[PDB]
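Following: one structure in structure tokens, then a few remarks.
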Ligand SMILES: *C(=O)[C@@H](C(C)C)[C@@H](O)C(=O)N[C@H](C(=O)N[C@H](C(=O)O)[C@@H](C)CC)C(C)C
Ligand SMILES: *C(=O)[C@@H](C(C)C)[C@@H](O)C(=O)N[C@H](C(=O)N[C@H](C(=O)O)[C@@H](C)CC)C(C)C
Ligand SMILES: *C(=O)[C@@H](C(C)C)[C@@H](O)C(=O)N[C@H](C(=O)N[C@H](C(=O)O)[C@@H](C)CC)C(C)C
Ligand SMILES: *C(=O)[C@@H](C(C)C)[C@@H](O)C(=O)N[C@H](C(=O)N[C@H](C(=O)O)[C@@H](C)CC)C(C)C
Ligand SMILES: *C(=O)[C@@H](C(C)C)[C@@H](O)C(=O)N[C@H](C(=O)N[C@H](C(=O)O)[C@@H](C)CC)C(C)C
Ligand SMILES: *C(=O)[C@@H](C(C)C)[C@@H](O)C(=O)N[C@H](C(=O)N[C@H](C(=O)O)[C@@H](C)CC)C(C)C
Ligand SMILES: *C(=O)[C@@H](C(C)C)[C@@H](O)C(=O)N[C@H](C(=O)N[C@H](C(=O)O)[C@@H](C)CC)C(C)C
Ligand SMILES: *C(=O)[C@@H](C(C)C)[C@@H](O)C(=O)N[C@H](C(=O)N[C@H](C(=O)O)[C@@H](C)CC)C(C)C
Ligand SMILES: *C(=O)[C@@H](C(C)C)[C@@H](O)C(=O)N[C@H](C(=O)N[C@H](C(=O)O)[C@@H](C)CC)C(C)C
């Protein structure tokens, strides 16, 4: 991870331009860092746009929602830019960017899918874990429906299995607003 | 495992005795079912004696044994030694009415089943519905076998429930405490 | 396993016990027992007890084809659980002679597989799995009287059936209810 | 593995049946070669029946079996059940002409051989030349047994090639799909 | 490892980015961040991307590919050692006329790899994704080299090793970098 | 491993003076084969023994236990290569009674110099090295005597792994005939 | 690794690069970056590359080799301890007349190693690549030493250990640096 | 490792002290050679002090340090604390003549080198000849540095030979046992 | 923790060295370097070596021991917690009159341990080395404590646990440090 002297690491230097880089799985540690960067940038300037680059296979649903809620909470618009792949919770966070300011680069991939879970132990414990997983899937689908303009029924059907979208397909689906095509 | 001129279990099988002294898996269930079918083929009318010292195991393996007991013509006596827990207590209760026994210091434990579910939300709901339906099936049969309500079985099996031989008799899991004749 | 061993003694009465996963070893043993029983008497029924979570599809087809090849009717009796390839073999018993005990479970599901390596290798592996699922669904359709379309839908996810539901579905002919003493 | 009064395989060997239901290694080849020599010594005239359900294994173990089949006087019928893949399909095609069979749902898979080569450039060259010469030998024999050109065998074995019983017959790997006895 | 700034941060000051590893999401994140930083420092001056890589993640490679095409500065690519798999794809992604290899540097092109485990329906989806990804890789390589998609497909079936001079003849690079004048 | 009525399949073939080597050669395998040869000699000191060889080789000393026992006993020991006779396997194939060494047509033969290992003090490594070189000279001298090739040619041809067809093994002098199938 | 800068960073100030490890892509990426940095500081002044290495990756070796030949400054090579395998290749890569070994340093030359796993067709491609790479290594070593390719091939079949004096007589180095005061 | 900013070792390096308190591998040799070159560059006339507490390690790593000591102009004093064994004792004996010391309770151990050889007979011969030639080289230099005959060095190093500080002075491995300050 | 130095570096400024670990070549290399550094800073002022150690390498111990005796400055030793095995040896090595233990500190003396593997001739050499090293340890402990070599040999056959006051009575330390004020 290289140093820049004006001593910043490369990410800290980009943070100075209100750029946040998500290039990993989403766990509580990654969520904690991204939330902290969003709170920091809001404290520096409550009006100016933030840029969230997303190259992520996803991870913890609750970690994702910590980032999701922080984005909607803060005053600044958060632009989302997909490079490489936004899968699972990654695609959910891509769709969570400011309306009109969700992008993918032309060869970026987007993948949508129902969440996974686990339940072990007594029949009564499995019933509680199963009810929580079902309610969480309904929450994820209602929000994706609101963010994309697709019906709940279509989101449910389209996320039963792994669903791979091109950047153009993701724009058609309403997960992003535009494909950033080369301009220079 | 000593020899008689047969291994000790094979010798006891000649007296229509089957020994369950392990967890219940598909292998154990396959052995006990085969011994029950063998004994019925030898004599369809003489009693069989099933000794149970088991912490339980596979629910489906237990149902293979349970259905074989009810299917064959011979009465199957159940005799609890040591402990009959979980699926072991289910099978203890499944013996011929009036021929279900525990030795005086044998323990009986009843408890709700366990299960597992890993993968997609849709897979977890399917696994959860299956676990709920299987728990209802176990409780319904335990109710029929003990003369207790499903409501009471459900309440009493939420947590581990340890019974003495006398408590198991009062509950209707067995008919008699088998006290030393001498 | 008391000791003929208990299985060897039941084989004398034309009973085969399947109480494990189906791999090439288990298929080799069951095929050998079917061929032996046909050689002993080509007219008398064989009884195949099935308590199995399934296993290798091709190992399952080695048993399936030997059952349909031999002259004797092979009765199938589900105890405990017939899942995956176990339910397929339960459905493969002689017509009118497919049974489950009252508390036995039947589970149907699409096959599983694996593909590793170059795109071209993954394509070949995927086409083989797809074609094998079509073969399984065609035979299940023929054996149950259900349409291929209904079999495809009902095997997408784990599908658990009671003995009665398995009879209604056409995987078995009768639930074997205990005889009055 | 049940007993008859013989293990089930030994009982079938009495009827000149050899069961291949595993991967092919030196141990399995040693056993099958020994059964072939034993059956020839019992009767040099009567057919032998080789059931094949195998993913294959060692090429040289396969050739030990292949050369024993061609060496002995009795015809060896080959019967594919489940799957005859890799060296298994090679052995299926090696059965007596007119007496190579597959059951209707049995699968056949043909593929170029695999190998390994580690160490010095000069060692890798010797190993790579050996693998290429072994593939030419396999293709020459498959060509002779199927009636396909060496060019077609080379093309059709570059990738895994899965055949139905009917496709295996049309290819010349087997003579007949065995229909049920009634 | 050494300090002057660590050696890499000192080269970054002169708009040089060193790729000397496998490409994963972490490496892609670092190289994308360097590209964005160099653009922010000067949107008009060339960037130099040295490539010694066996490749790695296709999607991680595409993060770098798209960032190169997106930014205003020309990105020169310079192959030292080996550019294989996704490394060769990124070498070919350099600004037209500014893609280089050193004389003894190697280039390897090959179709992508993948895995899929689970239900038939999951494997079909995984298979279709890998096939579509390969068409995408082939389309871009065709555009970057001037070779037909049909030729790219044929030439990447197996591992294809090229000398620097072969890589230039193919259109993967523009020039073999000759030694500076002493 | 099936039964014949009661013998296991290998015990039944042993009754017909057939010994099956279908494994790596270690001290246990050598002990078995040497015991079978001594048994078969005690049964009949005149009738041929048939030693089938499908072996990747193994221990040089284990191989020499089998070699010396073959040459010690009165009966001729035929050798028949099926699958592969490599390393010490090819050595034992060549050690069969002259005129009675065979390979089936698709059987492979591989000849190669021995391998070894030496760890510890320089003085220990010198002793290990001298033993390995002297053992190679012993192997080379006997292969020369068994094939009719010169020691110089054996030395050169075994530097690297040398794969021979059944026909190439016959031409080399490692076997006498390729047993061809009868129609 | 003491401070003064760490000790290696202080020596880099005097245009000294210390190779004291195996050569992998990380080590090559570091040494190439150091050569580029030193050329940018001064394009005329000599660079000093101390080599104590058992070698490593051939392609990582060629990344360093090509960078040495590419840059304007002469790169002196000084062998201490051992320059083996790719280390000997890099020692021979130094500016003609400025390749040295200390009196007790060892040089070892040997053919490259490789690995090939999988289908016969993959093994053929891997073997052809290894053989072509050995021809490239031999051609350059011939140019560096003034020894024929036929002699290099013969002398590198097995591990070939040279004293400093033998390495000079071979043409791998120009001079043995003998102590001036001791 | 405390700070004084310098780490404790860096602070001692400022006074031309180098601390060897570990096994000798290529990394440790790289560091010690780098410190020796740095100290000569700082002042070519002032003594350097090398403290040795080492069980030894790599022979070639040891020769990298040995040859650097003989190459540089400064006298390198050697001071044994704790133990100088194997290559540590070799380096102790290689100090400036008259300036090789041990502390009174320090131990010196001399022993023949160890090695390994695996693979083909021809490979073992080459590895063996290399180990023998290396032992002759170590014995010759110890003979030159101690004034003992090569014959006596050979005999005295067959087995582990443990020396007191006073015995090491008597042997010629050191010049003086260092006497305490007042 | 940091002071504006890590805590150990801050104490080193006051001529305090902290040993709170096993003694290996790395720890000896660090402690010897600290002693040489403090002698060069001021050859007259006392050094303070805190010892809480189970011991470790005998030769690493002697690296420290010889450096303490070699340098001009007095090295005070202060036992806190436990000075066992080579730790007790180093505690005894402090300047006579400036060897201390805190009141609840423990001292343990014991013969050295070793290992020998391989040929009979190798085992004989290793056994002789261990015996001569025990004689060396006993001679120096005798010189440092005023106890006879024969008493030290007797008292160190087995683990011998000493309180701070028993350690003073033995001659391993000079004083038990009483609380200030
Ligand atoms: C994509 O990002 C998914 C996986 C990482 C592939 C992600 O959406 C997901 O399902 N994550 C799972 C998760 O957080 N599940 C929670 C949980 O068990 O806590 C459920 C409550 C969601 C219904 C991980 C794999 C457990
Ligand atoms: C007592 O025997 C129970 C455990 C061994 C403690 C036993 O009844 C049980 O719950 N076994 C579990 C089981 O078979 N569960 C099945 C299943 O997962 O298939 C559920 C369907 C039952 C609701 C074992 C531990 C999985
Ligand atoms: C039920 O028995 C299934 C699993 C054991 C749960 C069984 O039907 C199944 O799919 N088995 C898989 C199998 O044999 N797959 C083969 C294969 O990969 O070769 C496919 C060709 C089947 C379409 C096992 C789990 C791999
Ligand atoms: C099918 O049976 C193949 C594999 C088991 C899938 C089989 O034909 C095969 O290639 N086996 C390989 C083999 O025996 N290879 C030899 C060898 O390397 O010794 C080569 C010489 C073949 C040309 C096994 C998997 C190594
Ligand atoms: C060269 O760089 C290839 C390998 C690293 C050697 C690379 O191009 C490749 O195929 N990588 C594979 C990849 O990323 N595959 C993805 C995937 O399965 O997730 C496919 C979608 C691409 C068709 C990985 C590293 C398996
Ligand atoms: C072929 O059979 C060889 C190997 C199994 C590939 C075999 O000839 C061989 O070299 N075996 C080795 C052996 O026995 N080596 C002894 C030894 O080190 O004791 C040497 C004395 C032989 C010169 C095994 C692999 C060590
Ligand atoms: C000496 O440095 C050699 C080894 C480290 C002993 C080195 O020259 C060598 O052969 N390295 C090997 C290598 O890079 N091989 C490549 C490869 O397999 O990718 C060949 C293609 C080069 C002929 C390492 C050991 C793999
Ligand atoms: C003492 O320091 C010796 C060992 C550490 C005990 C040391 O001198 C030694 O022998 N080291 C060995 C070594 O470097 N051996 C080389 C080698 O195999 O490369 C020999 C060629 C030297 C004769 C290590 C332990 C391998
Ligand atoms: C107390 O510190 C002792 C043990 C750590 C408990 C310590 O004095 C000791 O005996 N250490 C041993 C040691 O250094 N032994 C050397 C050796 O084997 O090299 C002997 C020569 C000492 C006579 C360690 C535990 C090996």
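Residue numbers (the deposited numbering), protein chains in the order written: chain G, 4 to 9, 17 to 194; chain K, 4 to 8, 18 to 194; chain L, 4 to 6, 18 to 195; chain M, 4 to 8, 18 to 194; chain F, 4 to 7, 18 to 195; chain N, 4 to 8, 17 to 194; chain E, 4 to 7, 18 to 195; chain D, 4 to 7, 17 to 194; chain C, 5 to 8, 18 to 194. Where is the CB? At the ideal position from N, CA and C, for every residue including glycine.
Endpoints, the beta strand (DSSP E) within which residue i is located
{"i": "residue 84 of chain E", "result": "Here residue 84 of chain E belongs to no beta strand (DSSP E), and DSSP marks it neither H nor E."}
{"i": "residue 176 of chain E", "result": "173 to 176"}
{"i": "residue 30 of chain K", "result": "29 to 32"}
Under 7 Å between C-beta atoms of residue i and residue j
{"i": "residue 100 of chain M", "j": "residue 187 of chain M", "result": "no"}
{"i": "residue 67 of chain E", "j": "residue 35 of chain E", "result": "yes"}
{"i": "residue 169 of chain F", "j": "residue 122 of chain F", "result": "yes"}
{"i": "residue 171 of chain E", "j": "residue 138 of chain D", "result": "yes"}
Neighbour-count burial assignment, residue i, 16 or more Cβ in a 10 Å radius
{"i": "residue 156 of chain L", "result": "exposed"}
{"i": "residue 53 of chain N", "result": "exposed"}
{"i": "residue 50 of chain G", "result": "exposed"}
{"i": "residue 86 of chain F", "result": "buried"}
Whole-number beta carbon distance between residue j and residue i, since they are thought to touch under 8 Å
{"i": "residue 185 of chain D", "j": "residue 120 of chain D", "result": "6 Å"}
{"i": "residue 38 of chain F", "j": "residue 33 of chain G", "result": "5 Å"}
{"i": "residue 28 of chain F", "j": "residue 59 of chain F", "result": "7 Å"}
{"i": "residue 63 of chain F", "j": "residue 95 of chain F", "result": "Actually they are not in contact, since the Cβ atoms of residue 63 of chain F and residue 95 of chain F sit about 12 Å apart, beyond 8 Å."}
{"i": "residue 193 of chain D", "j": "residue 83 of chain C", "result": "7 Å"}
Host alpha helix (DSSP H) of residue i (start-end)
{"i": "residue 24 of chain K", "result": "20 to 26"}
{"i": "residue 164 of chain L", "result": "162 to 168"}
Next item on the list: Could I get the ranges of all uninterrupted beta strand (DSSP E) runs contained in the segment 104 to 138 of chain M, with 3 residues as the minimum, in chain order?
Entry: Those beta strand (DSSP E) runs which fall completely within the segment 104 to 138 of chain M and span 3+ residues are 112 to 114, 119 to 122, 126 to 132.
Notebook entry, point to check: Which parts of the segment 36 to 68 of chain E are runs of the alpha helix (DSSP H), unbroken and 4 residues or longer, counting only runs that do not cross its ends?
Noted result: 38 to 54
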